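Chains as they are written, first to last, in PDB author numbering: chain E, 2 to 825; chain A, 2 to 825; chain F, -1 to 133. Note that beta-carbon positions come from the ideal geometry of N, C-alpha and C, so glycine has one too. Since the structure comes first, as structure tokens, the remarks are kept for the end.
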Amino acid sequence: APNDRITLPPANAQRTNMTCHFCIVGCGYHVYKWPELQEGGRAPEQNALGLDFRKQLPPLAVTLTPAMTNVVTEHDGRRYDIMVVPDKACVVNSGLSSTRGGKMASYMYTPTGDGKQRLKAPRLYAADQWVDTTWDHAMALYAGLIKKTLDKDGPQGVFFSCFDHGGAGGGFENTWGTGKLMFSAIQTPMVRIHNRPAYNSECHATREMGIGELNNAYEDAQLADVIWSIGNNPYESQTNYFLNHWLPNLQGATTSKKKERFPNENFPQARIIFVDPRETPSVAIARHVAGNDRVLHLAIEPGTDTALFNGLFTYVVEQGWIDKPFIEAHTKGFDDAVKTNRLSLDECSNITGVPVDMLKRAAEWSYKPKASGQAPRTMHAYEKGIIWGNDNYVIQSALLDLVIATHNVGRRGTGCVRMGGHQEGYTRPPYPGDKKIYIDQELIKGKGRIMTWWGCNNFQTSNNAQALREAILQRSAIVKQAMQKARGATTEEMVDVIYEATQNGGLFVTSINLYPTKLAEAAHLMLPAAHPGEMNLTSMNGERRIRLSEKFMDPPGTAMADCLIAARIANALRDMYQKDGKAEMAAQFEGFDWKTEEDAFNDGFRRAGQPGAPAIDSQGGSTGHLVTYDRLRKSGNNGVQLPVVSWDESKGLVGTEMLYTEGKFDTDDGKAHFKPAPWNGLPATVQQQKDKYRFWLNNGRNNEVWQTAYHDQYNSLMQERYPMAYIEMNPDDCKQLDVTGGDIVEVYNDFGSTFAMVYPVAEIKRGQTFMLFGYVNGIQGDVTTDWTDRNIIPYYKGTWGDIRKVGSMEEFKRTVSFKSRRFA
Amino acid sequence: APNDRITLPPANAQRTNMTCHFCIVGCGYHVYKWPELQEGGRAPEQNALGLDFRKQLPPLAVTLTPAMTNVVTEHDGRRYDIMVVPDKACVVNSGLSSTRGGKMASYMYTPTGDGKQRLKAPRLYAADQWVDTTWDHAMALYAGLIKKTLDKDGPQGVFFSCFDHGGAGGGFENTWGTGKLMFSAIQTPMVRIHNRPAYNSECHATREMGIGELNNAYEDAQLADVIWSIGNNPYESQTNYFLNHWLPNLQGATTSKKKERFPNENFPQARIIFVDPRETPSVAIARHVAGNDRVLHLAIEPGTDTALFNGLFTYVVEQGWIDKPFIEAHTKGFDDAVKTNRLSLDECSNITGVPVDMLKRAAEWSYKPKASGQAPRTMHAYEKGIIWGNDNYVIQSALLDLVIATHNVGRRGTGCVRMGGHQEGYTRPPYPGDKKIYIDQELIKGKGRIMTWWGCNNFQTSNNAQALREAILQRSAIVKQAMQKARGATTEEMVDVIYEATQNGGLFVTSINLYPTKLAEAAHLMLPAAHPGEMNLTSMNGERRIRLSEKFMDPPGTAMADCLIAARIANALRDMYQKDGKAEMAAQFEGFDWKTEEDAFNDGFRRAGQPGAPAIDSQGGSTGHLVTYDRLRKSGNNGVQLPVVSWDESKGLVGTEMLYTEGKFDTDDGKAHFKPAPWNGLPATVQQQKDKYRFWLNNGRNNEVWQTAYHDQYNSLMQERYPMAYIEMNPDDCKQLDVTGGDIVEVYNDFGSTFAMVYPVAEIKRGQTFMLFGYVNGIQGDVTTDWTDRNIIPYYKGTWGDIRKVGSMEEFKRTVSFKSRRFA
Amino acid sequence: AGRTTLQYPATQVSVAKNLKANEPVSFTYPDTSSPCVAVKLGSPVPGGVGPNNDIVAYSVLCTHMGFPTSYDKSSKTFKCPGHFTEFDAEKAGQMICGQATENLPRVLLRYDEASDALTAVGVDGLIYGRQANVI
Ligand SMILES: Nc1nc2c(c(=O)[nH]1)N[C@H]1C(S)=C(S)[C@@H](COP(=O)(O)OP(=O)(O)OC[C@H]3O[C@@H](n4cnc5c(=O)[nH]c(N)nc54)[C@H](O)[C@@H]3O)O[C@H]1N2
Ligand SMILES: Nc1nc2c(c(=O)[nH]1)N[C@H]1C(S)=C(S)[C@@H](COP(=O)(O)OP(=O)(O)OC[C@H]3O[C@@H](n4cnc5c(=O)[nH]c(N)nc54)[C@H](O)[C@@H]3O)O[C@H]1N2
Ligand SMILES: Nc1nc2c(c(=O)[nH]1)N[C@H]1C(S)=C(S)[C@@H](COP(=O)(O)OP(=O)(O)OC[C@H]3O[C@@H](n4cnc5c(=O)[nH]c(N)nc54)[C@H](O)[C@@H]3O)O[C@H]1N2
Ligand SMILES: Nc1nc2c(c(=O)[nH]1)N[C@H]1C(S)=C(S)[C@@H](COP(=O)(O)OP(=O)(O)OC[C@H]3O[C@@H](n4cnc5c(=O)[nH]c(N)nc54)[C@H](O)[C@@H]3O)O[C@H]1N2
Ligand code: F3S
Ligand code: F3S
Ligand code: FES
Ligand SMILES: [Mo+4]
Ligand SMILES: [Mo]
Ligand code: NA
Ligand code: NA
Ligand SMILES: [O]
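Written out as structure tokens, the structure is:
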């Protein structure tokens, strides 16, 4: 309650390790837990922080606020203070906390806090009202429907959209549990991923070219001469990688270390290049830190990345700023790529809009040999501006070509890497189908009997989201109406009622989640899940560093770890089949005899590539068995970078810093493969929107807001600052539409209609906008198209629309700052 | 926050008056408000309570818990402690607080408290998602549709269900504002009331007989020889009337006062008679207080009240235990009622199931002359057991006949009164139609373009609620689907799209509320309202005692008093008609030039019966103008009993204690009129359910839970105690169905299906049950029938159904008490 | 015991009419290790004090990791050089963008019309680097 003090952890308070729940960087934290009616003393040796609160602390001594504290009430009814604070000795973050990780304590479950509306028990929409139901009933209904569908339609009738990521709502236990359930037991191919509408990858091209997307260390960002940030706003989206590794390089604090590693190499002041249509907070901050002369913002025309990289590739080849020995010994296809990808600087400039002098300068900084003879160490970092860009596959083809020719993989201070989104934590059986299926289109077209959203919310985050919602709400309603007729039915009769409604266009919808979410508008069944700290969980960050987040409290009510929900489902289905005398079907549901999450770790990550093991695709590789919970605990928040190379009791886990340092790539022949990258303009579907409507509807992240705001929607500070999704608009465009900060606009096109509050931004180009994605009040995705690349990767950043004033929200004008988020 | 101390109010803390938000009794409270960083001292003269917190306080010295405190954040951003505690000097409650009123502090709006989800701005379901919208846009859409409906269909196309009550979400300002808008301006007859599906009264019969239902003082309960509680559970439903007035009588603490007023009258120990099929906590507490020998529980068969009162009336007439001079001078119709209502004790006993000896005893206690010659003073209190009983009109006819013949109106210590539900606060124009309309049936049948629920939630509280919801959700869906096709539409075009969808079966739904509620499942538009303390509000309690609740804090966001929402709509409609050049229609919307709630009090209550005033029906009567806010402030929480008889600066407001004490009733001739009361058994609709199914599905209140739990659903203590609606069941019946406390059952019949958690109760009769009404998790009303009496009053207590085990909720077993709520 | 509130001192800052529009004054509160600023903004804001209800005051220590922020007159914000947090002086220290999880703490001023005095009497929010605002 009181805003002007905090309770210090006692010197002997319990302390556990926790990786941040949220973004890829995976900053390390400590959780202090102690009884509510104890506290630490201000003297440094009388509190667990070892800090002297008897007088003012200096800058950088601590990160501690009330938002980093809480009081939990456990299953035994006893109350405990918690404090969740960053670990000063963690190599990832060196004691830094983002505004998002900083709120972890506040977003732990408590009966009266921000977590108050956590799912605590199964919820059933019994035709015309939400009620609680038992887990046994829920499993009878859910497994009963799956069983009926398997028995009559086979697996093709059972649909999922499921996380494949790490951190909270993911990780190695959870991805294995769900993957084993969906792929080995049920054996359904009707599965999409949390952020993309098929069972596919963000990185098909780079992987096929032999370069897995997480190939370096965070230390490489400290060793680089030049950093490219491509389709990426890292201060906001990978905060502490940018703050703890990128900025020290720009500031000159890593120059010593470069020169120590490389005695005979010049290291100029580091420089940074951003390829982004939009001038972001990251551009502004880079210029404040390094100066204007060390930052190059290539403010390309939306969707022109391929043309940019083809023009750069062409130029470095014509200048001879490539590594010919490297290409000759370790690559295939270079000569072909030179021809297919040829594009002059003048043509490049005309397509991208970037002037020729700036294209040449980027190449000069990045690829022209240093005075000491070596090529610059240029780390090429990319994210969703090109992963959700104009033809995912082709852009990566174009970029990786430039990288391979310039030998910017496998050398320290280089890498062509994803910056990442969530943390990573994938261990799954192979996908069981032989084709890519656009799951959302299939649902819209009326296929499937049961759909489970598991740790995602595509109502807010699908492409073409309005078409999806329309269809799902309708299909859901058919089931609701069918259930309505029933009175006094057994569970088995209800299963039959619902099954029949699905033959008539219906769809049974389950959500497995922390919260009701907007999915509750269509769901029939919701199951409560547990997040890290309420469970043990393993995951890795953007340099493959695996850590254990330790359990320290109980979940709300009967919430359960997702891997144990998957075991519960499997065991229900098994029992049903055993009882029906179907031994062969029963046996498909074996191998879920799990009592704790660690069981799922042992069954999945730790079996990969082992004798007698089934086929398992794991980020841990075949040395995953060397990792145990205990060994991770002893490693601390530093963990180990995967893959593990050895272990013994005296040296602990020893891992891998950088990939591809010996020139052996993940292809048949061990070489890196160049690929053609044709420039075909924008897709027709997108070009049609652009031809009809005025504004480029760019979209993405805000620093303060995490994802679909599942926690933030309950946070009064978050809600005061961002009550509605906002749209950055050019002020001249604003005046033309007679809107200002805190007005509400409709944004629309052929695909849909949504709303935002207007946020005038001087740095936005005329005819361009930027709307917060994924949010709880004004869903941006309504106006994204259905267009996807060859692998069903959406162009989420590729849509145009018109904007119409709704009116002036005086309350937003009184409460919300519309001041500039670009620091100068 | 910390659960082991509280912040005392400073000696100089601001103090305002507040009537409890909730039940009829209208207990008085004080609100202490002071800056967050101040506090009082423990010495009694250094805190505003004047209590000595330097050592343990004795019993009865205070009612103070953390739930009675809060910290509000005002519109200026400053934080203030509040403390809302009962007024020791208020006559109503003498410093008592119920568990419901006691939580008021916790249920005041704060950004992080139990009021966190309060509506703060207009919410729009823009076809496929919830968003915020402006007040201006909301009015343009809502008034635009009303205008279009008026223009094309007339008023018959605009529907409302609106509060008519007092206290929070009602009161004299609010009932006038809404009634003026609906009846004088829009002039729609398509209006029902929050608790009943037509524009009618709960008390047609008693009113028509000349006896308004609130005819005594709370002091009368202190002066009575015998109190009847008919269809009434007062410890739970009118707690502090029962505790502060009834019990002192039963305990002998009022004997002196009776004897002082009536020197030559015997006053035996007081006794109490309950007519209730169910053995309630009220019955158990009465027996603990007074002993078994002074309590009579007439445990009648469901629906048999008419037969009971006809048997009693017959008997007291045959015995001569009536007041013949009274009948002769002041009544009409007696001789006719003796003939029409004749029923022997034996027949009475057969129908009611009460033994003859108990019927005789009730009559002996209540009506046989005392030794000193006077008839007992017998106060007849009744509530929803008979208002929602088997033929509301006939039961009241039967009861009032007994009361009139025995002269139990108009004498001190008597009265035939409603116990009440909400507080009262009615000032309205006359209803504009000439017929009663069953609104819910009309909606189900597809009538109406626009329906507004205004401070009610019939999703949870309608009779035949499942039929209602089915229909409204479907009709709502038609409108959502139509809106879906729009892109870039003006408000006027969207009005047209929605109007067209309503010609195709659709219905536009608005909710004017504190919270989203279940209505959010169907609503297209929700508007934020303000409750007492965020506004000034006037209302009266069950003895007509009017008080002012003083504003002391701001509402959430742009939430507004309901009367000012009504002015806003009226002024929007006026502007639209003015703009369309329709002077005559514009003028219908005059008279809402209101800046503050007090404007509505002046325009309504204080104009009633005044020269050049329109026709106004007001519980204040024609001396209402003598009441002002300032005069009520000077009265304090003691207020004045209405009607006011005089006012001057030296004596303040002086009012009316008891009605009818001169024997002049509210009829044409001034006499009380007897009425025939035929016994026709149960209604056929109800008898058919009884014939088909096993359990009487009685329903009603729980002491701890307020109404539809709109606040309590957010209160962690409340949700832990009552996570799901419960159903009291006989233990033998439980064993037959293999259920025990914490199991979940389905309850169903031909009207619908719902769920409850099982609560074994030894006192429940075999074949009977009792389910909590109105709740957020398992709506009881799904299984109530559509049957209503001649005035469209539902038999909500008249329904039968079957019960089916769903399963054991282990979590409920671990966390919910299933121990007895009947104190012994 | 008995006491739930911190014992804040009452410190005179200045008289209101000495303050010029958008020209910050520096002072310490509630002790000399806690730097603060008061500023007359020039137009009323919620909870602003003085004759034009436009005077506001803050702790200038960033609530992220405690560097002293600087007041920017062009934007009426406080900017942190540490990790680029920026706070809105016109929105009660609302974080515009940055890595803090707390708004910039407001120093509560009494304004006495009788004397024209502005007195610091408390703090809304927790000052960086402290177990309690009052050490
Ligand atoms: N227009 C547009 N759309 C986009 C994007 C874009 O750039 N533009 N970005 C895309 C990208 S990169 C992504 S990652 C997606 C995100 O789309 P989603 O995955 O749909 O969104 P999240 O908010 O990550 O969803 C996580 C959900 O899981 C729940 N949850 C949290 N922890 C747990 C847990 O332990 N267990 C379970 N079972 N549930 C849990 C949360 O309550 C929440 O509902 O959006 C995509 N959509
Ligand atoms: N604060 C915060 N951080 C998060 C998340 C969050 O919700 N909140 N979510 C996490 C997740 S799941 C993910 S996927 C990552 C995403 O992290 P990023 O991909 O860094 O973030 P976005 O904001 O989606 O998009 C990055 C940039 O792409 C640019 N852009 C748009 N179209 C184009 C184009 O055609 N080409 C190019 N080159 N650039 C383009 C946009 O202007 C934008 O600045 O962030 C993660 N980190
Ligand atoms: N089966 C069964 N059904 C019953 C009964 C029963 O005995 N049996 N009882 C009946 C009776 S007596 C009644 S009173 C009704 C109750 O039926 P309703 O009136 O539907 O129920 P309430 O909970 O009183 O509704 C109050 C609503 O107004 C909102 N609210 C509160 N304060 C305000 C305010 O200041 N302004 C506005 N605009 N909204 C506000 C609350 O959030 C809530 O949604 O139920 C009836 N239904
Ligand atoms: N704790 C609390 N108190 C409240 C409220 C609340 O929600 N919570 N709501 C308020 C409102 S709006 C109202 S209307 C009142 C209602 O207050 P009451 O009417 O006292 O309460 P109910 O529980 O609805 O029903 C009263 C009794 O009717 C009995 N009964 C049922 N059927 C019959 C029948 O055929 N004949 C007779 N003689 N008795 C029968 C039941 O067994 C029950 O004990 O309570 C008010 N007070
Ligand atoms: S604190 Fe969390 S949100 Fe990312 S920058 Fe660090 S892992
Ligand atoms: S405290 Fe409130 S709920 Fe009734 S008994 Fe008194 S008015
Ligand atoms: S210390 Fe101010 S932003 Fe980190
Ligand atoms: Mo992502
Ligand atoms: Mo009621
Ligand atoms: Na939409
Ligand atoms: Na139902
Ligand atoms: O009522």
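Query, Result
"Spatial neighbours of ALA710/E in its chain, beta-carbon cut-off 7 Å, leaving aside the 5 residues before and after", "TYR776 and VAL777"
"Proximity test, Cβ basis, 8 Å: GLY64/F and chain A", "no"
"Among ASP563/A, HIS408/A and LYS766/A, nearest to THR662/A - alpha-carbon criterion", "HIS408/A"
"Buried or exposed by the 16-neighbour rule on C-beta atoms within 10 Å, applied to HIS289/A", "exposed"
"Sufficient close CB pairs (3 or more, under 8 Å) joining the segment 351 to 364 of chain E to the segment 325 to 340 of chain E", "no"
"Rounded separation between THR785/A and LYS736/A - CA only", "26 Å"
"Contact with chain E by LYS71/F, beta-carbon distance below 8 Å", "no"
"Residue closest to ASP110/F, alpha-carbon to alpha-carbon, out of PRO79/F, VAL43/F, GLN97/F and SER12/F", "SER12/F"
"Span of the alpha helix (DSSP H) around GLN57/E", "Run containing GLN57/E: none; DSSP gives neither H nor E here."
"Neighbouring residues, chain A, relative to residue 869/E (Cβ below 7 Å)", "Any answer about residue 869/E is impossible in this case: the structure gives chain E only from 2 up to 825."
"Backbone secondary structure at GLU237/E - three-state DSSP", "helix"
"Among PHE756/E, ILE513/E, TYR110/E and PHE771/E, the one whose alpha carbon lies nearest that of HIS195/E", "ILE513/E"
"CA nearest to the CA of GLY621/E, picked from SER540/E, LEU565/E and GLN589/E", "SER540/E"
"Cβ neighbours of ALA616/E in the same chain (closer than 7 Å, five flanking residues each side left out)", "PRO430 and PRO431"
"Chain A contacts made by the segment 114 to 127 of chain F, where a contact means CB separation under 7 Å", "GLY120 and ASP122"
"Three-state secondary structure assigned by DSSP to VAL32/A", "strand"
"Neighbour list for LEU38/A in chain F, Cβ cutoff strictly below 9 Å", "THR3, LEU4, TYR6, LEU106, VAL119, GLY120, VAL121 and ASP122"
"Exposure of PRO356/E, with buried meaning 16 or more beta-carbon neighbours within 10 Å", "exposed"
"Cβ neighbours of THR559/A in the same chain (closer than 6 Å, five flanking residues each side left out)", "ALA122"
"Delimiting residues of the beta strand (DSSP E) encompassing residue 1/A", "The structure shown does not extend to residue 1/A, since chain A is modelled only from 2 to 825, so the question has no answer here."
"Close Cβ partners of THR597/E (< 6 Å) along its chain, the five nearest in sequence each way excluded", "none"
"Proximal residues of chain F, C-beta to C-beta of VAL63/E below 9 Å", "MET63, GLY64, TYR126 and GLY127"
"Which of helix, strand or coil DSSP assigns to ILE479/E", "helix"
"8 Å contact criterion, which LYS806/E and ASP744/E should meet: CB distance rounded", "6 Å"
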